């Protein structure tokens, strides 16, 4: 019983984090095989003006690099720039490289972040890529390069490299192919993200989790058609209802159809009247159906 924000174990990933230093700039890198991945701004000559990375890369001198794994130095033999990432080729192959793949997150997908600060992991937490392509993380200077991952089918999927913090406090990263999520730039200039949207499928999953844990004071009998809910959502900051696949499975299991939950969302969006649901005082879109089913049924969708 119970439902709590959880992170997948960090062991496999911790052994891949290294300290990358170029000149006076220090940040984190991910060492897989004989390549160390890190944000390209590690070579930026400044952090106050617009950066011309083409020029920056042309004047880059490899002897300025210092890469440390634990207490050992890695030997740099080359480096190439890909989008907002740098791929540094070293002589050493990380013997702890887990079976892995690289994937690009979709809107609303959940993953894990290993917050690192000098090539050393300090914390781990689960997060979701929001519809505005930013995440609600917690970072301080030095967190750049921190990796985002998911453990699946016996391997590690690398999906996020921390890059910047917007004026709003929201965080943005890039995939390992160098593509910044949301199209944000790795420049100091002011950048504003679009309005965030509540993830409807996650809210529905959260309500089903409440039902499975014996919390149903809010549950009523009225039903709301998906087509109609979607009209409301588009105008009230909520994403459209979709999936339904795993949802139909839960609807059958609990005997409570999705329509009843969509009606509840529409109502609960006005307030909980002082009551709580699984420890929360307002609708929560942090848990996906995947997390809910894994935590309560022990199965992976």
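Numbering follows the first chain given and starts at 1.
**Q** Going by the B-factors listed in the PDB entry, is the mean over the C-alpha atoms higher for 31-39 or for 268-276?
**A** Looking at the record's C-alpha B-factors, the answer is 268-276.
**Q** Check the entry's C-alpha temperature factors for 102-110 and 206-214, then say which stretch has the higher mean.
**A** Here the higher of the two C-alpha B-factor means belongs to 206-214.
**Q** Among 50, 26, 62, 67, which carries the highest Cα B-factor?
**A** Spelled out: the listed residue with the top C-alpha B-factor is 50.
**Q** Highest CA temperature factor in the entry: which of 162, 89, 130, 152?
**A** Among 162, 89, 130, 152, the PDB entry lists the largest C-alpha B-factor for 152.
**Q** Would you mind checking where the Cα B-factor of residue 157 ranks among the modelled residues of its chain, as the lowest, middle or highest third?
**A** Its C-alpha B-factor belongs to the lowest third of this chain's values.
**Q** By the record's CA B-factor, is residue 226 among the lowest, middle or highest third of residues in the chain?
**A** Highest third.
**Q** Going by the recorded CA B-factors, say which third of the chain residue 301 sits in, lowest, middle or highest.
**A** Highest third - that is where residue 301 ends up once the chain's C-alpha B-factors are sorted.
**Q** Please place residue 200 in the lowest, middle or highest third of its chain by C-alpha B factor as given in the entry.
**A** Tercile = lowest for this residue's CA B-factor.
**Q** Classify residue 188 as lowest, middle or highest third according to the C-alpha B-factor given in the PDB entry, relative to its own chain.
**A** Within its chain, residue 188 is a highest-third residue by C-alpha B-factor, going by the deposited values.
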